[PDB]
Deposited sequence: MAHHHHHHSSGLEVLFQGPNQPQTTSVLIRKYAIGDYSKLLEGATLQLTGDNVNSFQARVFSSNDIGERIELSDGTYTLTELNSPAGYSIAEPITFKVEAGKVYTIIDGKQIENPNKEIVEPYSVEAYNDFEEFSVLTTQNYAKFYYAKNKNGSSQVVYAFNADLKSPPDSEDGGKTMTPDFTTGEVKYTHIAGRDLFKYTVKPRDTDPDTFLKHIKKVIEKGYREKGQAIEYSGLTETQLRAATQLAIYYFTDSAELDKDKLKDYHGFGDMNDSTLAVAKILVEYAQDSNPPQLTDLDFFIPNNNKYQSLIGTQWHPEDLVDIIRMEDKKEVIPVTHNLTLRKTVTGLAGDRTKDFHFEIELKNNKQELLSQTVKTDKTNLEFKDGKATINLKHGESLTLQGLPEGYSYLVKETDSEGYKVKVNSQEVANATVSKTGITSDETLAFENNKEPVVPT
């Protein structure tokens, strides 16, 4: 039976796992549902075949609650929606070494390439690897072929989590593609035709191993950082001015092959993510599935606009025939900044309010009010008083025939003062 780890990550920052999220895992077989706190390495569980569901009961301060993940365990494998689980990672994260071999020398034209990146395989050998982010820091310098590494000044030793390169789109900063799967194919085929191993046959006449590696790396950038393969535009671009014309031409051949319709011959590649977000993620040239186990990966959204707002409803009844102890009812529909219904709990000065598919219902009598709290920037409301029968209705002193009002793009606190009038 199947090993899984439940790991909580923050969208956009994978340098460590996101701790203190309250998580619940639910199934439907003979399996005991359980609650736990997301932690720095993952939650290890051994599971029988069946269908399970991970739910976030709530999130660390400053994060949205994520959508529940449903997955199925079958015959030692994990499936989700239907595909086979793409998240395969090592058990001790940020434990793999990668380094830039600071003492290796070989030029592009006039100047040492010096982007000689490697990750250490479990058995001690070194695989060639390539940067995925052209502006972040390279793997730590080693002066002795990867046996010792310069630490980072602030976070210390920089090590990496080894994952299967699937779903690599999210680590790109400025990619050309918009389809994740298309993107992945592009990447695997660049690697397919580029430099992978010491002493391999260089299909391209007159290039050194190092010049191919440079070509390969620039091709990756084409796709990951939208690098323009043009000698003019490259003059000052991370040392690629020193790239001669034929070496550049190969880089083009790699991009053009990858863009073509052939399936990738590579099924899978190692990928590495560093424990410092200013450093670059690395795409490997080899594939080592022995160490990788299934991860149920849930990604929490950083709360992007820390500013939140209040919305107050009031009821006042007037005229000689107005029932001051009638409960008037209000249907409230909220949509967020990006035009999406709110399926979440909401805080008030009284008891809390669950919103189901953008909606919720409250009531008030003459003199009662209710303040909603902590609604996002750019939110919009639609609010209706549902039982106005008999009463002339004004909202913020405006006659409102169908007892309904709306407002989009709200950048501050807002008030809806309903008047219910009934004269005899």
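Asker: For this chain, which runs of the deposited sequence have no C-alpha coordinates, given in order from the N-terminus?
Answerer: Model skips 1-23, 54-55, 107-110, 454-457 of the deposited chain.
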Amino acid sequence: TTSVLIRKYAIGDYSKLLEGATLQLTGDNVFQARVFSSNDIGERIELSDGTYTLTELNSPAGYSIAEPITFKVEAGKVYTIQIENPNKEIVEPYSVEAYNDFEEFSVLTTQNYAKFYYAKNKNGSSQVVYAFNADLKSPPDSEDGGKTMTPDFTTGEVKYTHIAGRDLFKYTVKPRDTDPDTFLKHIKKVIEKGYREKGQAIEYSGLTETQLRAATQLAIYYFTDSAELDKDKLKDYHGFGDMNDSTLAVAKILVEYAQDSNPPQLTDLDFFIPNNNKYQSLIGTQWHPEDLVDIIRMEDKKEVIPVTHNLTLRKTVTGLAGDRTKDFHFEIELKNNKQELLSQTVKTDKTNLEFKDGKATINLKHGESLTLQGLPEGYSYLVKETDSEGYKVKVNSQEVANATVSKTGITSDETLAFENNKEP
From here on, numbers count along this sequence of modelled residues.
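Asker: 53-61 versus 351-359: which one carries the higher mean Cα B factor per the record?
Answerer: Mean CA B-factor is higher for 351-359.
Asker: Compare the mean C-alpha B-factor of 270-278 with that of 243-251 as given in the PDB entry, and name the stretch with the higher value.
Answerer: For C-alpha atoms only, the mean B-factor is higher in 243-251.
Asker: Of 108, 220, 91, 320, which one's C-alpha B factor is largest in the deposited record?
Answerer: Most elevated C-alpha B-factor of the set, per the entry: 320.
Asker: By the entry's C-alpha temperature factors, tell me which of 45, 35, 69, 364 sits highest.
Answerer: Each of 45, 35, 69, 364 was compared by C-alpha B-factor; the highest is 364.
Asker: By the recorded C-alpha temperature factor, relative to the other modelled residues in its chain, which third is residue 410 in?
Answerer: Ranked within chain, residue 410 CA B lands in the highest tercile.
Asker: Split the chain's modelled residues into thirds by Cα B-factor; is residue 310 in the lowest, middle or highest one?
Answerer: Within its chain, residue 310 is a highest-third residue by C-alpha B-factor, going by the deposited values.
Asker: Among the chain's modelled residues, which third holds the C-alpha B-factor of residue 190?
Answerer: Answer is lowest: the recorded C-alpha B-factor places it there.
Asker: Sorting by Cα B-factor within the chain, modelled residues only, which third would residue 238 end up in: lowest, middle or highest?
Answerer: Middle third - that is where residue 238 ends up once the chain's C-alpha B-factors are sorted.
Asker: Report the third (lowest, middle or highest) to which the CA temperature factor of residue 331 belongs, ranking only the modelled residues of the same chain.
Answerer: Answer is highest: the recorded C-alpha B-factor places it there.
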